């Protein structure tokens, strides 16, 4: 029950003052709403980079209002571009904001200034460096050597409300991999060309920073490439001219024949940098480096020690102007009651409840294991038990002709053992995977023409696809294409598997004087485990056969997930306790955003179909956005439900609340708990327990959907949820985010960081790179 955060108090905040001047944007009378807020935040962004001051937007009433720091001198007031031209008329009354005050609507304004001024002393520390604005600060000295790549340790620092009052700082340790030797002066024109879009650390003497390689310069370092007042000047001359005092040898003694790289400034100017001083950042998610990836996963005591060490070392004294700020060395710590996992309903009227008489950890591990063993027990089994509708297994011809038949028999038998009530009996069909070219077009040509023939009787299809490209930081457009077309042109519900991993599970054997394929079990996959996982996720879940549901009601009657990526939106809906789950994909005119009319269309359609099966009149709705919510999306959701309350489809006083689920948090905070110190663990720091939670604010909370009993290595990463709108209390929203993350359907015996609502969003999108 004893929890420590990575929130540190801020001292000397008194006498620190932040003066702004509200302007209002004449803009265009016509508000495309979605285009209106894009242009506002575009200008706020443009202004911040060009004048280097903490510009902010204050969206109240008219939602305009650009806040200009009072200390900037000449201010254009009128600004070009931005479609129609905009003008800013100051709203008078210049604001001098204090940090000892109660909660205002100007707290977003205070947080922007606080963030901005706090990283000035750090940016001036000769032993630290920052890749770019807003990023963590790293030590210049590498932490670890790692044999041709260097490992750098850094810490993020972000301003945040303090739950006991006032303001503070939330921090987390970060890791970065940079190759040890520079790109080099002797690297030729073609080799530099092969680095476009890669990112490098540039050691410009004592000023280190990161940039993206855009092009290769036509001019070497000692040849004139720019001019310093008419006269042509080499890059070598420019770096000598802007060095100070005791400049390092490396920036005044550059190889004249070396090449230079080119990058774009955040105001879109072009600059050059000598390849002799540039060190490639290892995108480790782009090129599989798993021995590296382990270096990034920290034990709780390592993670707590690195963060606190940075605090006591660089934020003890902090001068911003004539201000003396300190970050206290002791993080905020608290006592709380921890949420227990919810009671669950399985087959045959069987409930699973956490045992309240055992100690918490033993009780959590028993509960979690039992989610798997109850699902498998033919005396209890799946909550939803029924025969499947007809099914199809669509295999490449090359596979059907080799190990396909052996895989299918094993796979069929695995489904029937996992879901005995289903009678799984698929028709096995093939497509000509070698007749048209093996790329994405050509594979799709063969898949569509099997479809066009009508060989896919039955509406459900599981199709085995070939892998085109690896690199886990890419996009598999073939699976998205197949799902898109089969859904749109035929009426099919499609699930996908790939052919590389199951094929590794079979080896050819000579038996009774005939070649046969049998299971193997060396290295490449664990084929028995693969068959069970695919059986649950692709056939059972893909037919909406839910293994277990919540016994008791959530705080919300209905919660809806929303994610938009790649011009494809997903809407998920969970009602009853997961007895009613729905997923609609729909195309979107913007890459990552939704029109107001589209939110209200899809949601009134989705809910209306289901309302006659919701036998409780509905009076609390919650929307879970993956990431930031946009005002037209908030508006489209408030309209949907104000409408339904007037028809009588829903309680006449039902209310909606919108929460942003920030899985990559702008203020990532950690929680730790404690234990008897023990040789290996001299400070006794351990992960928090599964149900731990903390609110900072009426608008910001954290729940551990992952934690102590169920984690193998590393430290739990608490899920940040933020209230965008609505009456519901953040504590109530955190509780049923937690209950929804206990519906661990893809892997029953496990913890799962995302609630089922946006978990369904990640499954269904997989970044839909077509339509």
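Just so we're on the same page, rigid core means the largest C-alpha set that superposes within 1.5 Å between forms. Numbering follows the first chain given and starts at 1.
(message) Which of the two stretches, 641-649 versus 440-448, has its Cα atoms farther on average from this form in 4 other deposited structures of this protein when everything is superposed by the rigid core?
(response) Between the two stretches, 641-649 moves farther in 4 other deposited structures of this protein.
(request) Determine, for 459-467 and 207-215, which one has C-alphas that on average lie farther from this form in 4 other deposited structures of this protein; superpose on the rigid core first. (result) Taking the RMS over all superposed structures in 4 other deposited structures of this protein, 207-215 lies farther out.
(request) Using the B-factors recorded in the PDB entry, average over the C-alpha atoms of 561-569 and of 417-425, then report which stretch comes out higher. (result) Result of the comparison: 561-569.
(message) Quick check: 317-325 versus 524-532, which has the larger average CA B-factor in the record?
(response) Higher of the two, by average CA B-factor, is 317-325.
(request) Specify which of 160, 632, 201, 352 carries the largest Cα B factor in the deposited PDB entry. (result) That would be 632.
(request) Please work out which residue in 751, 760, 13, 754 has the highest C-alpha B-factor recorded for this crystal structure. (result) 13 has the highest C-alpha B-factor of those listed.
(request) Place residue 386 in the lowest, middle or highest third of its chain's C-alpha B-factors, as listed in the PDB entry. (result) Middle third - that is where residue 386 ends up once the chain's C-alpha B-factors are sorted.
(message) Using the temperature factors of the C-alpha atoms in this entry, rank residue 654 within its chain: lowest, middle or highest third.
(response) Answer is middle: the recorded C-alpha B-factor places it there.
(request) Would you mind ranking residue 704 by its C-alpha B-factor against the rest of the chain and naming the third, lowest, middle or highest? (result) Its C-alpha B-factor, which the entry lists for residue 704, ranks in the lowest third among residues of this chain.
(message) Considering every modelled residue of the chain and its Cα B-factor in the PDB entry, is residue 713 in the lowest, middle or highest third?
(response) For residue 713, whose C-alpha B-factor we compare with every modelled residue in the chain, the answer is the middle third.
(message) Can you tell me whether residue 100 has a C-alpha B-factor in the lowest, middle or highest third compared with the other modelled residues of the same chain?
(response) Its C-alpha B-factor belongs to the highest third of this chain's values.
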